[PDB]
$ cat upload30.cif   # mmCIF, N, CA and C atoms and all ligand atoms
data_target
#
loop_
_atom_site.label_atom_id
_atom_site.label_comp_id
_atom_site.auth_asym_id
_atom_site.auth_seq_id
_atom_site.Cartn_x
_atom_site.Cartn_y
_atom_site.Cartn_z
N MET B 1 26.87 32.28 38.48
CA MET B 1 27.10 30.83 38.31
C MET B 1 28.60 30.56 38.01
N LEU B 2 29.17 30.80 36.82
CA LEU B 2 30.62 30.52 36.59
C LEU B 2 31.37 31.83 36.28
N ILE B 3 32.64 31.95 36.65
CA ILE B 3 33.51 33.09 36.30
C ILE B 3 33.94 33.02 34.84
N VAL B 4 33.76 34.12 34.08
CA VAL B 4 34.29 34.24 32.74
C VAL B 4 35.52 35.14 32.78
N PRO B 5 36.58 34.79 32.04
CA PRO B 5 36.69 33.63 31.19
C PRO B 5 36.75 32.31 31.96
N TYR B 6 36.14 31.27 31.39
CA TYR B 6 36.04 29.96 32.05
C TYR B 6 36.77 28.96 31.21
N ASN B 7 37.50 28.08 31.83
CA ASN B 7 38.16 26.98 31.15
C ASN B 7 37.49 25.63 31.53
N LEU B 8 37.02 24.92 30.50
CA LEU B 8 36.47 23.57 30.65
C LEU B 8 37.50 22.60 30.08
N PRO B 9 38.14 21.79 30.95
CA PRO B 9 39.05 20.76 30.45
C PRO B 9 38.29 19.76 29.62
N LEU B 10 38.86 19.25 28.53
CA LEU B 10 38.30 18.23 27.68
C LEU B 10 39.27 17.04 27.75
N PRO B 11 39.12 16.15 28.71
CA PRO B 11 40.19 15.15 28.96
C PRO B 11 40.44 14.23 27.83
N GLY B 12 41.66 14.13 27.30
CA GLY B 12 41.91 13.32 26.15
C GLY B 12 41.37 13.90 24.87
N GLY B 13 41.06 15.20 24.87
CA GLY B 13 40.62 15.89 23.71
C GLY B 13 39.19 15.56 23.31
N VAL B 14 38.86 15.94 22.10
CA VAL B 14 37.51 15.71 21.59
C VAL B 14 37.53 14.51 20.65
N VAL B 15 36.34 14.04 20.33
CA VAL B 15 36.13 12.81 19.55
C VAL B 15 34.70 12.89 18.99
N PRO B 16 34.46 12.29 17.78
CA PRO B 16 33.10 12.27 17.33
C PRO B 16 32.18 11.69 18.38
N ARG B 17 30.98 12.26 18.46
CA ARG B 17 29.86 11.93 19.40
C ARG B 17 29.96 12.68 20.68
N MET B 18 31.00 13.47 20.89
CA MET B 18 31.09 14.31 22.06
C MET B 18 30.26 15.59 21.83
N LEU B 19 29.38 15.87 22.79
CA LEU B 19 28.46 17.02 22.74
C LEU B 19 28.81 17.97 23.93
N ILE B 20 29.13 19.22 23.58
CA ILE B 20 29.42 20.23 24.60
C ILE B 20 28.16 21.14 24.63
N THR B 21 27.71 21.41 25.84
CA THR B 21 26.54 22.31 26.05
C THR B 21 26.93 23.45 26.98
N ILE B 22 26.69 24.67 26.47
CA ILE B 22 26.96 25.92 27.16
C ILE B 22 25.61 26.65 27.39
N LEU B 23 25.30 27.01 28.62
CA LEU B 23 24.10 27.80 28.97
C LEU B 23 24.55 29.09 29.59
N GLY B 24 23.99 30.20 29.12
CA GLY B 24 24.25 31.48 29.73
C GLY B 24 23.27 32.50 29.24
N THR B 25 23.50 33.75 29.62
CA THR B 25 22.67 34.87 29.23
C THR B 25 23.57 35.94 28.64
N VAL B 26 23.22 36.54 27.52
CA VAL B 26 23.99 37.59 26.93
C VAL B 26 23.80 38.83 27.78
N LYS B 27 24.88 39.56 28.09
CA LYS B 27 24.75 40.76 28.90
C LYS B 27 24.04 41.86 28.05
N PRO B 28 23.53 42.89 28.74
CA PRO B 28 23.03 44.05 28.05
C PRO B 28 24.12 44.71 27.28
N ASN B 29 23.83 45.15 26.07
CA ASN B 29 24.83 45.88 25.28
C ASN B 29 26.14 45.07 25.09
N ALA B 30 26.06 43.75 25.14
CA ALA B 30 27.16 42.90 24.71
C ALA B 30 27.81 43.39 23.40
N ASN B 31 29.10 43.16 23.34
CA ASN B 31 29.88 43.38 22.15
C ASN B 31 30.40 42.09 21.51
N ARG B 32 30.81 41.11 22.31
CA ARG B 32 31.49 39.92 21.75
C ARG B 32 31.34 38.73 22.72
N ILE B 33 31.36 37.54 22.11
CA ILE B 33 31.43 36.28 22.86
C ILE B 33 32.47 35.44 22.09
N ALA B 34 33.18 34.57 22.82
CA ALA B 34 34.02 33.61 22.13
C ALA B 34 34.06 32.27 22.85
N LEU B 35 33.98 31.23 22.00
CA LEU B 35 34.38 29.86 22.38
C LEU B 35 35.67 29.55 21.67
N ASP B 36 36.61 29.00 22.42
CA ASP B 36 37.96 28.63 21.87
C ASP B 36 38.26 27.20 22.27
N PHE B 37 38.14 26.29 21.28
CA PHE B 37 38.59 24.88 21.46
C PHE B 37 40.12 24.86 21.16
N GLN B 38 40.90 24.66 22.20
CA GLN B 38 42.33 24.87 22.17
C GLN B 38 43.10 23.57 22.09
N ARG B 39 44.18 23.60 21.29
CA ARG B 39 45.21 22.56 21.26
C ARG B 39 46.53 23.25 21.66
N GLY B 40 46.84 23.24 22.96
CA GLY B 40 47.91 24.05 23.45
C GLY B 40 47.64 25.52 23.15
N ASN B 41 48.61 26.25 22.58
CA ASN B 41 48.45 27.62 22.16
C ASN B 41 47.61 27.77 20.92
N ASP B 42 47.45 26.71 20.14
CA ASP B 42 46.63 26.79 18.95
C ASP B 42 45.12 26.78 19.33
N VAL B 43 44.33 27.40 18.45
CA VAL B 43 42.88 27.37 18.57
C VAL B 43 42.35 26.58 17.38
N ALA B 44 41.89 25.34 17.66
CA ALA B 44 41.34 24.51 16.61
C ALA B 44 40.03 25.10 16.04
N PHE B 45 39.21 25.61 16.91
CA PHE B 45 37.90 26.16 16.51
C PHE B 45 37.58 27.31 17.46
N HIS B 46 37.54 28.50 16.83
CA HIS B 46 37.11 29.76 17.48
C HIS B 46 35.73 30.11 16.90
N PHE B 47 34.78 30.27 17.81
CA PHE B 47 33.40 30.61 17.46
C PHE B 47 33.10 31.93 18.15
N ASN B 48 32.89 32.98 17.34
CA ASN B 48 32.96 34.35 17.87
C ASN B 48 31.81 35.21 17.35
N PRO B 49 30.66 35.22 18.08
CA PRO B 49 29.62 36.27 17.87
C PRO B 49 30.18 37.66 18.12
N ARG B 50 29.99 38.52 17.15
CA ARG B 50 30.32 39.95 17.21
C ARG B 50 28.97 40.72 17.03
N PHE B 51 28.63 41.51 18.03
CA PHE B 51 27.36 42.19 18.10
C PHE B 51 27.37 43.53 17.35
N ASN B 52 28.53 44.07 17.04
CA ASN B 52 28.63 45.35 16.45
C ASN B 52 29.92 45.49 15.71
N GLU B 53 30.02 44.80 14.59
CA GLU B 53 31.14 44.93 13.70
C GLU B 53 30.66 45.86 12.60
N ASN B 54 31.03 47.12 12.57
CA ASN B 54 30.50 48.09 11.63
C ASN B 54 28.94 48.08 11.60
N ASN B 55 28.34 48.01 12.80
CA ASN B 55 26.90 48.06 12.96
C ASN B 55 26.19 46.85 12.37
N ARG B 56 26.90 45.73 12.27
CA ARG B 56 26.30 44.47 11.88
C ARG B 56 26.63 43.44 12.92
N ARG B 57 25.76 42.45 13.04
CA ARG B 57 25.92 41.31 13.91
C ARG B 57 26.38 40.15 13.05
N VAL B 58 27.49 39.51 13.40
CA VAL B 58 28.00 38.41 12.60
C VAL B 58 28.73 37.44 13.52
N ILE B 59 28.66 36.17 13.15
CA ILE B 59 29.49 35.14 13.80
C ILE B 59 30.72 34.85 12.90
N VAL B 60 31.89 35.00 13.55
CA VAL B 60 33.18 34.71 12.89
C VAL B 60 33.74 33.40 13.47
N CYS B 61 34.10 32.48 12.56
CA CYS B 61 34.77 31.26 12.96
C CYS B 61 36.15 31.16 12.28
N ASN B 62 37.12 30.65 13.01
CA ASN B 62 38.48 30.57 12.51
C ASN B 62 39.29 29.60 13.38
N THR B 63 40.57 29.43 12.93
CA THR B 63 41.59 28.60 13.54
C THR B 63 42.85 29.45 13.71
N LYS B 64 43.52 29.30 14.83
CA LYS B 64 44.78 30.01 15.13
C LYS B 64 45.92 28.97 15.21
N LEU B 65 46.94 29.07 14.34
CA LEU B 65 48.04 28.18 14.28
C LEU B 65 49.34 28.95 14.43
N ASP B 66 50.17 28.56 15.38
CA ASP B 66 51.44 29.28 15.60
C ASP B 66 51.24 30.78 15.75
N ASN B 67 50.19 31.17 16.49
CA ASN B 67 49.82 32.51 16.83
C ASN B 67 49.21 33.25 15.68
N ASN B 68 48.93 32.64 14.49
CA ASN B 68 48.38 33.33 13.37
C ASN B 68 46.93 32.82 13.02
N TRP B 69 46.01 33.74 12.88
CA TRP B 69 44.67 33.46 12.45
C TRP B 69 44.65 33.12 10.95
N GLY B 70 43.79 32.16 10.60
CA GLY B 70 43.63 31.68 9.28
C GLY B 70 42.51 32.44 8.55
N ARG B 71 41.97 31.81 7.54
CA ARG B 71 40.88 32.34 6.76
C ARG B 71 39.55 32.22 7.50
N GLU B 72 38.88 33.33 7.79
CA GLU B 72 37.65 33.35 8.53
C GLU B 72 36.53 32.74 7.73
N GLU B 73 35.63 32.09 8.46
CA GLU B 73 34.34 31.61 7.90
C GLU B 73 33.23 32.36 8.56
N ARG B 74 32.54 33.15 7.72
CA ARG B 74 31.39 33.94 8.09
C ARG B 74 30.17 33.53 7.31
N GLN B 75 29.06 33.38 8.03
CA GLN B 75 27.72 33.24 7.42
C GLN B 75 26.79 34.25 8.08
N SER B 76 25.53 34.39 7.66
CA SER B 76 24.76 35.59 8.10
C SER B 76 23.79 35.56 9.32
N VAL B 77 23.46 34.38 9.79
CA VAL B 77 22.45 34.01 10.76
C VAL B 77 23.02 34.25 12.15
N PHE B 78 22.29 34.98 12.97
CA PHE B 78 22.76 35.49 14.23
C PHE B 78 21.70 35.30 15.25
N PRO B 79 21.70 34.19 16.01
CA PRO B 79 20.57 33.83 16.87
C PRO B 79 20.60 34.47 18.23
N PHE B 80 21.72 35.10 18.61
CA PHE B 80 21.86 35.71 19.93
C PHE B 80 21.22 37.08 19.97
N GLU B 81 20.79 37.42 21.17
CA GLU B 81 20.16 38.73 21.48
C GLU B 81 20.66 39.23 22.79
N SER B 82 21.10 40.51 22.79
CA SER B 82 21.47 41.12 24.04
C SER B 82 20.42 40.97 25.10
N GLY B 83 20.84 40.61 26.30
CA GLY B 83 19.96 40.48 27.43
C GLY B 83 19.27 39.12 27.60
N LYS B 84 19.41 38.22 26.60
CA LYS B 84 18.56 37.01 26.58
C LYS B 84 19.35 35.72 26.84
N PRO B 85 18.71 34.76 27.49
CA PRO B 85 19.31 33.43 27.72
C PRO B 85 19.45 32.64 26.45
N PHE B 86 20.56 31.89 26.38
CA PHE B 86 20.87 31.07 25.21
C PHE B 86 21.39 29.70 25.70
N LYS B 87 21.34 28.79 24.73
CA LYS B 87 22.03 27.49 24.80
C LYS B 87 22.84 27.33 23.54
N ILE B 88 24.13 26.98 23.69
CA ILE B 88 24.96 26.59 22.54
C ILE B 88 25.27 25.13 22.74
N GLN B 89 25.05 24.33 21.67
CA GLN B 89 25.45 22.92 21.63
C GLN B 89 26.46 22.79 20.50
N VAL B 90 27.60 22.19 20.84
CA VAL B 90 28.65 21.89 19.84
C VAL B 90 28.83 20.38 19.84
N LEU B 91 28.45 19.77 18.71
CA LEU B 91 28.54 18.31 18.50
C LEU B 91 29.75 18.05 17.60
N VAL B 92 30.68 17.24 18.10
CA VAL B 92 31.83 16.87 17.28
C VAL B 92 31.38 15.75 16.31
N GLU B 93 31.49 15.94 15.04
CA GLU B 93 31.19 14.91 14.04
C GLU B 93 32.53 14.56 13.36
N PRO B 94 32.56 13.51 12.54
CA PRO B 94 33.88 13.06 12.13
C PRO B 94 34.59 14.09 11.22
N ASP B 95 33.88 14.97 10.54
CA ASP B 95 34.56 15.91 9.65
C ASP B 95 34.40 17.38 10.02
N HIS B 96 33.54 17.66 10.99
CA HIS B 96 33.29 19.03 11.42
C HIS B 96 32.80 19.10 12.83
N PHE B 97 32.90 20.30 13.39
CA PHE B 97 32.10 20.69 14.55
C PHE B 97 30.71 21.18 14.01
N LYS B 98 29.64 20.70 14.63
CA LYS B 98 28.26 21.12 14.31
C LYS B 98 27.69 21.92 15.49
N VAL B 99 27.24 23.17 15.20
CA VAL B 99 26.76 24.04 16.25
C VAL B 99 25.27 24.33 16.07
N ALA B 100 24.56 24.18 17.17
CA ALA B 100 23.16 24.59 17.26
C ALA B 100 23.01 25.58 18.42
N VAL B 101 22.16 26.58 18.20
CA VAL B 101 21.86 27.56 19.22
C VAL B 101 20.35 27.52 19.49
N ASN B 102 20.00 27.39 20.74
CA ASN B 102 18.55 27.39 21.08
C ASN B 102 17.82 26.33 20.32
N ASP B 103 18.43 25.15 20.19
CA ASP B 103 17.93 23.94 19.51
C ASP B 103 17.79 24.08 18.04
N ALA B 104 18.29 25.11 17.37
CA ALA B 104 18.27 25.26 15.92
C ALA B 104 19.66 25.21 15.39
N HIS B 105 19.89 24.39 14.39
CA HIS B 105 21.19 24.29 13.74
C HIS B 105 21.60 25.65 13.23
N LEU B 106 22.85 25.98 13.46
CA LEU B 106 23.45 27.23 13.05
C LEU B 106 24.49 27.05 11.95
N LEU B 107 25.55 26.27 12.21
CA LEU B 107 26.64 26.20 11.23
C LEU B 107 27.43 24.92 11.53
N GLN B 108 28.29 24.58 10.55
CA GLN B 108 29.32 23.53 10.64
C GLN B 108 30.67 24.14 10.39
N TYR B 109 31.71 23.59 10.99
CA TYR B 109 33.10 24.09 10.77
C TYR B 109 33.97 22.86 10.56
N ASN B 110 34.52 22.73 9.37
CA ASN B 110 35.28 21.56 9.05
C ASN B 110 36.58 21.52 9.86
N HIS B 111 37.01 20.32 10.22
CA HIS B 111 38.25 20.16 11.01
C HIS B 111 39.47 20.58 10.22
N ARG B 112 40.11 21.62 10.67
CA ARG B 112 41.43 22.03 10.16
C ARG B 112 42.54 21.37 10.98
N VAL B 113 42.39 21.42 12.30
CA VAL B 113 43.25 20.68 13.24
C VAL B 113 42.73 19.27 13.32
N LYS B 114 43.64 18.37 12.94
CA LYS B 114 43.34 16.93 12.67
C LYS B 114 43.48 16.07 13.92
N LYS B 115 44.33 16.52 14.90
CA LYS B 115 44.59 15.76 16.08
C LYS B 115 43.55 16.09 17.15
N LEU B 116 42.35 15.51 16.95
CA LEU B 116 41.21 15.81 17.82
C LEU B 116 41.49 15.50 19.26
N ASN B 117 42.19 14.43 19.56
CA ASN B 117 42.45 14.03 20.92
C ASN B 117 43.56 14.90 21.58
N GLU B 118 43.99 15.98 20.92
CA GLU B 118 44.86 16.96 21.58
C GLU B 118 44.16 18.30 21.77
N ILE B 119 42.90 18.41 21.39
CA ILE B 119 42.05 19.59 21.60
C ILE B 119 41.44 19.51 22.98
N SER B 120 42.22 19.85 24.00
CA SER B 120 41.97 19.42 25.35
C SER B 120 41.45 20.47 26.33
N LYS B 121 41.10 21.64 25.78
CA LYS B 121 40.47 22.65 26.62
C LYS B 121 39.49 23.46 25.75
N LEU B 122 38.40 23.90 26.42
CA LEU B 122 37.49 24.85 25.87
C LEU B 122 37.50 26.10 26.77
N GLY B 123 37.88 27.23 26.11
CA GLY B 123 37.75 28.53 26.80
C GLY B 123 36.45 29.23 26.40
N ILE B 124 35.81 29.82 27.37
CA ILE B 124 34.55 30.55 27.19
C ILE B 124 34.80 31.96 27.71
N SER B 125 34.63 32.98 26.81
CA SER B 125 34.95 34.38 27.19
C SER B 125 33.91 35.32 26.55
N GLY B 126 33.95 36.52 27.07
CA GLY B 126 33.16 37.62 26.54
C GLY B 126 31.94 37.95 27.38
N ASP B 127 30.96 38.57 26.70
CA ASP B 127 29.97 39.42 27.35
C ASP B 127 28.70 38.61 27.71
N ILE B 128 28.89 37.63 28.58
CA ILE B 128 27.86 36.73 29.05
C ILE B 128 27.92 36.57 30.55
N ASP B 129 26.78 36.23 31.11
CA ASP B 129 26.71 35.55 32.39
C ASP B 129 26.64 34.07 32.06
N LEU B 130 27.62 33.33 32.53
CA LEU B 130 27.76 31.89 32.20
C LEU B 130 27.14 31.06 33.31
N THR B 131 26.13 30.28 32.95
CA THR B 131 25.41 29.42 33.88
C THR B 131 26.06 28.07 34.06
N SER B 132 26.41 27.44 32.94
CA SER B 132 26.99 26.11 33.00
C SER B 132 27.67 25.74 31.68
N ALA B 133 28.63 24.84 31.82
CA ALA B 133 29.35 24.30 30.66
C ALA B 133 29.72 22.88 30.94
N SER B 134 29.32 21.98 30.03
CA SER B 134 29.53 20.56 30.31
C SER B 134 29.60 19.79 29.00
N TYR B 135 29.90 18.48 29.12
CA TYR B 135 29.92 17.63 27.95
C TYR B 135 29.33 16.24 28.27
N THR B 136 28.94 15.55 27.20
CA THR B 136 28.47 14.17 27.30
C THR B 136 28.69 13.49 25.94
N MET B 137 28.55 12.16 25.93
CA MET B 137 28.67 11.44 24.67
C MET B 137 27.25 11.06 24.22
N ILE B 138 26.92 11.32 23.01
CA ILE B 138 25.66 10.90 22.51
C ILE B 138 25.81 9.66 21.68
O1 LIG B 201 39.51 35.49 12.78
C1 LIG B 201 39.13 35.53 14.15
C2 LIG B 201 40.02 36.45 14.99
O2 LIG B 201 39.86 37.76 14.49
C3 LIG B 201 40.80 38.64 15.12
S1 LIG B 201 40.85 40.10 14.23
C4 LIG B 201 41.98 39.46 13.06
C5 LIG B 201 43.29 39.94 13.01
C6 LIG B 201 44.20 39.45 12.12
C7 LIG B 201 43.93 38.45 11.19
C8 LIG B 201 42.63 37.95 11.22
CL1 LIG B 201 42.26 36.67 10.03
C9 LIG B 201 41.68 38.43 12.13
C10 LIG B 201 40.42 38.76 16.60
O3 LIG B 201 41.35 39.67 17.23
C11 LIG B 201 40.51 37.38 17.21
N1 LIG B 201 40.14 37.42 18.61
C12 LIG B 201 38.99 37.69 19.26
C13 LIG B 201 39.23 37.52 20.60
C14 LIG B 201 38.31 37.65 21.72
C15 LIG B 201 38.81 37.71 23.01
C16 LIG B 201 37.97 37.76 24.08
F1 LIG B 201 38.43 37.81 25.35
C17 LIG B 201 36.55 37.69 23.84
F2 LIG B 201 35.75 37.75 24.90
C18 LIG B 201 36.11 37.64 22.54
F3 LIG B 201 34.75 37.56 22.38
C19 LIG B 201 36.95 37.52 21.48
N2 LIG B 201 40.52 37.12 20.76
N3 LIG B 201 41.09 37.08 19.52
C20 LIG B 201 39.64 36.44 16.43
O4 LIG B 201 38.27 36.76 16.61
CL CL B 202 33.91 29.43 38.06
CL CL B 203 44.83 22.15 25.12
CL CL B 204 42.47 12.15 17.04
CL CL B 205 36.10 37.56 29.14
#
$ encode --input "upload30.cif" --output "structure tokens"
Amino acid sequence: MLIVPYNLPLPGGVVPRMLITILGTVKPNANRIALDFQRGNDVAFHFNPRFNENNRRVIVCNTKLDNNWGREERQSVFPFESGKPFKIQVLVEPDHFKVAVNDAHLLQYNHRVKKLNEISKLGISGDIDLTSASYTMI
């Protein structure tokens, strides 16, 4: 379906009520996936499933400013499975990105990058077959 890494333009950046939906399948023996909501070279929101970080599965979220990664936000819930189809929904709310996987809420990430309308690309990378990536306003 789509070539990874895939770039989805976000025209005029993001705004509350914007919903991004990603459909794909995790490859066998996946190691990593990443979503990168980019403001130029900066990464406003990096969402990064790691399948084998010291034999644990964890989602790492962070922001990259002037080429430097900030303080990571980790929680324990890991809804992805090697080999299986998934849906990721990222809903922009006024104070955070809200993420649900497979229709179940996963996590929130508070806005560190304040200029939402300059967050103008979403990169999708890692160990998936990517079916589709799109957005709508709810
Ligand atoms: O905090 C989050 C960051 O963690 C560092 S490690 C680190 C080093 C120094 C300081 C800090 Cl705070 C962290 C990683 O190197 C970063 N990273 C992952 C990817 C990547 C690329 C791909 F192509 C993928 F497919 C993929 F899934 C992921 N690109 N950059 C990022 O995850
Ligand atoms: Cl493509
Ligand atoms: Cl951008
Ligand atoms: Cl804005
Ligand atoms: Cl990739």
$ closest_residue --input "upload30.cif" --among "B:129, B:33, B:40, B:13" --to "ligand CL 204 (chain B)" --atoms "all atoms listed in the file"
B:13
$ atom_distance --input "upload30.cif" --atom1 "atom C of residue 113 (chain B)" --atom2 "atom C of residue 77 (chain B)"
24.8 Å
$ residues_near_ligand --input "upload30.cif" --ligand "ligand LIG 201 (chain B)" --cutoff "7 Å" --atoms "only C-alpha atoms and all ligand atoms" --output "list in words"
residues 32, 33, 34, 46, 48, 49, 60, 61, 62, 69, 70, 71, 72, 125, 126 and 127 of chain B
$ residues_near_ligand --input "upload30.cif" --ligand "ligand CL 203 (chain B)" --cutoff "5 Å" --atoms "all atoms listed in the file" --output "number ranges by chain"
B: 38-40, 119-121
$ closest_residue --input "upload30.cif" --among "B:138, B:122, B:128, B:10" --to "residue 31 (chain B)" --atoms "only C-alpha atoms"
B:128
$ closest_residue --input "upload30.cif" --among "B:43, B:22, B:15, B:59" --to "residue 117 (chain B)" --atoms "only C-alpha atoms"
B:15
$ closest_atom_pairs --input "upload30.cif" --of "chain B" --to "ligand CL 202 (chain B)" --cutoff "6 Å" --atoms "all atoms listed in the file" --output "CSV"
residue,atom,partner,partner_atom,distance
B:1,C,B:CL202,CL,5.4
B:2,CA,B:CL202,CL,3.8
B:3,N,B:CL202,CL,3.2
$ closest_residue --input "upload30.cif" --among "B:51, B:14, B:88, B:30" --to "ligand CL 204 (chain B)" --atoms "all atoms listed in the file"
B:14
$ residues_near_point --input "upload30.cif" --point "(51.2, 25.4, 13.3)" --cutoff "8 Å" --atoms "only C-alpha atoms" --output "PDB file with N, CA and C atoms, in the frame of the given file"
ATOM      1  N   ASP B  42      47.450  26.710  20.140  1.00  0.00           N
ATOM      2  CA  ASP B  42      46.630  26.790  18.950  1.00  0.00           C
ATOM      3  C   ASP B  42      45.120  26.780  19.330  1.00  0.00           C
ATOM      4  N   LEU B  65      46.940  29.070  14.340  1.00  0.00           N
ATOM      5  CA  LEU B  65      48.040  28.180  14.280  1.00  0.00           C
ATOM      6  C   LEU B  65      49.340  28.950  14.430  1.00  0.00           C
ATOM      7  N   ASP B  66      50.170  28.560  15.380  1.00  0.00           N
ATOM      8  CA  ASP B  66      51.440  29.280  15.600  1.00  0.00           C
ATOM      9  C   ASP B  66      51.240  30.780  15.750  1.00  0.00           C
TER      10      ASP B  66
END
$ select_by_dssp --input "upload30.cif" --residues "region 21-55 of chain B" --states "strand (DSSP E or B)" --output "PyMOL selection string"
chain B and resi 21-26+32-39+42-53
$ closest_residue --input "upload30.cif" --among "B:108, B:20, B:25, B:116" --to "ligand CL 204 (chain B)" --atoms "all atoms listed in the file"
B:116
$ closest_residue --input "upload30.cif" --among "B:89, B:67, B:82, B:29" --to "residue 44 (chain B)" --atoms "only C-alpha atoms"
B:67
$ residues_around --input "upload30.cif" --residues "region 93-95 of chain B" --least-positions-apart "6" --cutoff "5 Å" --atoms "only N, CA and C atoms" --output "list in words"
residues 16, 110 and 111 of chain B
$ atom_distance --input "upload30.cif" --atom1 "CA of residue 4 (chain B)" --atom2 "CA of residue 124 (chain B)"
6.7 Å
$ decode --input "upload30.cif" --residues "region 80-94 of chain B" --atoms "N, CA and C atoms" --output "PDB file, in the first residue's frame"
ATOM      1  N   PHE B  80       0.495  -2.963  20.643  1.00  0.00           N
ATOM      2  CA  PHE B  80       0.936  -3.543  19.380  1.00  0.00           C
ATOM      3  C   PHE B  80       1.448  -4.952  19.578  1.00  0.00           C
ATOM      4  N   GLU B  81       1.304  -5.720  18.510  1.00  0.00           N
ATOM      5  CA  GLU B  81       1.762  -7.122  18.435  1.00  0.00           C
ATOM      6  C   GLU B  81       2.379  -7.384  17.112  1.00  0.00           C
ATOM      7  N   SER B  82       3.590  -7.982  17.147  1.00  0.00           N
ATOM      8  CA  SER B  82       4.204  -8.395  15.901  1.00  0.00           C
ATOM      9  C   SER B  82       3.282  -9.214  15.044  1.00  0.00           C
ATOM     10  N   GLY B  83       3.248  -8.902  13.759  1.00  0.00           N
ATOM     11  CA  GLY B  83       2.462  -9.626  12.806  1.00  0.00           C
ATOM     12  C   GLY B  83       1.005  -9.173  12.640  1.00  0.00           C
ATOM     13  N   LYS B  84       0.534  -8.247  13.512  1.00  0.00           N
ATOM     14  CA  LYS B  84      -0.911  -7.975  13.575  1.00  0.00           C
ATOM     15  C   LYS B  84      -1.285  -6.576  13.060  1.00  0.00           C
ATOM     16  N   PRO B  85      -2.453  -6.463  12.455  1.00  0.00           N
ATOM     17  CA  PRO B  85      -2.982  -5.156  12.011  1.00  0.00           C
ATOM     18  C   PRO B  85      -3.356  -4.258  13.157  1.00  0.00           C
ATOM     19  N   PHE B  86      -3.098  -2.964  12.960  1.00  0.00           N
ATOM     20  CA  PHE B  86      -3.379  -1.945  13.974  1.00  0.00           C
ATOM     21  C   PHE B  86      -4.006  -0.720  13.278  1.00  0.00           C
ATOM     22  N   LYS B  87      -4.621   0.072  14.158  1.00  0.00           N
ATOM     23  CA  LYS B  87      -5.052   1.442  13.854  1.00  0.00           C
ATOM     24  C   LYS B  87      -4.510   2.351  14.928  1.00  0.00           C
ATOM     25  N   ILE B  88      -3.853   3.442  14.511  1.00  0.00           N
ATOM     26  CA  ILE B  88      -3.470   4.504  15.455  1.00  0.00           C
ATOM     27  C   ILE B  88      -4.285   5.713  15.079  1.00  0.00           C
ATOM     28  N   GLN B  89      -4.932   6.325  16.089  1.00  0.00           N
ATOM     29  CA  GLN B  89      -5.648   7.598  15.934  1.00  0.00           C
ATOM     30  C   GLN B  89      -4.954   8.595  16.847  1.00  0.00           C
ATOM     31  N   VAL B  90      -4.583   9.734  16.259  1.00  0.00           N
ATOM     32  CA  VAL B  90      -3.986  10.856  17.024  1.00  0.00           C
ATOM     33  C   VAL B  90      -4.927  12.039  16.857  1.00  0.00           C
ATOM     34  N   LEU B  91      -5.553  12.421  17.979  1.00  0.00           N
ATOM     35  CA  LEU B  91      -6.502  13.554  18.035  1.00  0.00           C
ATOM     36  C   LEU B  91      -5.776  14.735  18.679  1.00  0.00           C
ATOM     37  N   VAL B  92      -5.714  15.852  17.952  1.00  0.00           N
ATOM     38  CA  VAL B  92      -5.110  17.045  18.510  1.00  0.00           C
ATOM     39  C   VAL B  92      -6.148  17.716  19.444  1.00  0.00           C
ATOM     40  N   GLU B  93      -5.857  17.900  20.683  1.00  0.00           N
ATOM     41  CA  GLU B  93      -6.728  18.605  21.628  1.00  0.00           C
ATOM     42  C   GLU B  93      -5.982  19.898  22.026  1.00  0.00           C
ATOM     43  N   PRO B  94      -6.653  20.812  22.728  1.00  0.00           N
ATOM     44  CA  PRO B  94      -6.009  22.111  22.850  1.00  0.00           C
ATOM     45  C   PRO B  94      -4.719  22.041  23.702  1.00  0.00           C
TER      46      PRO B  94
END
